[PDB]
Every structure is written in structure tokens, then in C-alpha cells.
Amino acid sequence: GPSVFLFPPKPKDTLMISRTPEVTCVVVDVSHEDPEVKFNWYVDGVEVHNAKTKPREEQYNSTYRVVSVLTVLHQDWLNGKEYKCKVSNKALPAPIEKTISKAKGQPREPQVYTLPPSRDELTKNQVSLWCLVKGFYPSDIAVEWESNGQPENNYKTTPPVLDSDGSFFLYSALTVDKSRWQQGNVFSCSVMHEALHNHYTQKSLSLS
């Protein structure tokens, strides 16, 4: 018969105001004979009616994949609300219920350190600026760079690495033309994580 899977939002989506985090309820092994799926959604056991029904997608094995997507509020996900997908389809004797919520664990605030470009990096016409982020739990984090109210995109960020104390660290390296740095322009590292005040912190650096 048909089988159900319930996915959380992408972790970065729950920390970024520029994203809409979604809980996604996927039904597979839906037959061509009985292809209609009914979804009910509950947030902490209270029904809601704003889910999006997606068009069913033909899979290459005599079945449909049927999906319902429920937008969640950033704060609702971060405050631990429980999202329940209830699925119905003639092939099933009774409805399938699945529930998902944010993982538990004691959260820990990242500490953010900016580092000016090295002494080797100077002889070249581009310099890299570093933003070291450490001591954070859980691993879910977003890191961006900006300057003069505008995004800076020439950066690489390591995925989070697990430390022996149970927390995570990473670095982000932004590369920029040396002239911009030598001109006294201010580059900012932005970090979004569930444990920061306002879920958002920023550190700047510029030349002395």
C-alpha cells in the first residue's frame, strides 16, 4: 500500500527571514487505481487549513508521488511546536498519522571572531577575511557577509564540524580586492542561529 514520510524544513530556512520554512508530507506507492490523497494538518493538535496541495507526479514504477506542504512560522518551529500530517487513501484501512518537531537538546550560543587578512595575503591583489564561529549547538546555522548595506558573495564557509565538548564550529572566508580593504571599507560577518539574541548577530572588521 501507500507509504508516508514527513520532512522538516531546511535548517537555514528556519533562521533566515528571507526564507519560508516548510514541513513536507510525502506519500509514495500511491496506485493509478486509487490515486486521491486527503491530508489533514494539525499544529499542536489544532487543525489548520493553509496547507498547499501539490500536483501529483508520475513515478516510473506504476505509482504516483503525492505531496502536501505546510508553511511554518520561524518562531513556531524554534519554540518546539509539533506538526502532524494525517493521510487518507482508499487503499489504507485507517489513516496514517506522522508528527515532527525541532530536535531537542540544550542550545548553546555561538561565539564569533573576525580575523583580518594574513601577512602572506598582502603581496597578492586579493585578500581573505575570516569569520570563525564556535561553541554553537545545534549545528543549524546560517552565515552571510555584507558591506555598505549590500551582500558580499565571494565567500566559502565550511560545514559545521563537531568538537569534543559536543558543540560545533566553522569558518567563513570572504575574498575581496585588496584596494577595497586598504580604503578602510567595513566588511561584516552575519550569523543566524537559534541561540543568539534576536537569532542574529553581526561582527565587522576594517583596517586600522
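Sequential numbering from 1, following the sequence displayed.
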Revision key, fill the gap. Of 2-10 and 198-206, the stretch with the higher mean C-alpha B-factor in the deposited entry is 2-10
Practice item. May I ask you to compare 24-32 and 42-50 by their mean CA B factor in the entry and name the higher one? Key: 24-32
Exercise for review: Name the residue from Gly80, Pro117, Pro138, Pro110 with the greatest C-alpha temperature factor listed in the entry.
Suggested key: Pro117
**Study point:** Candidate residues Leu92, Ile100, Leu73, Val133, the one whose C-alpha B factor the record puts highest
**Key:** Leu92
Practice item. Among all modelled residues of this chain, ranked by Cα B factor, put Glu57 in the bottom, middle or top third, i.e. lowest, middle or highest. Key: highest
Check your understanding: Based on the entry's values, in what third of the chain does the Cα temperature factor of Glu144 lie: lowest, middle or highest?
Key -> lowest
Exercise for review: State the tercile, meaning the lowest, middle or highest third, of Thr63 with respect to the CA B-factors recorded for its chain.
Suggested key: highest
Review point. When the modelled residues of the chain are sorted by Cα temperature factor, does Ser167 land in the lowest, middle or highest third?
Key: lowest
Review point. Considering only modelled residues of the same chain, in which third does the CA B-factor of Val69 rank: lowest, middle or highest?
Key: lowest
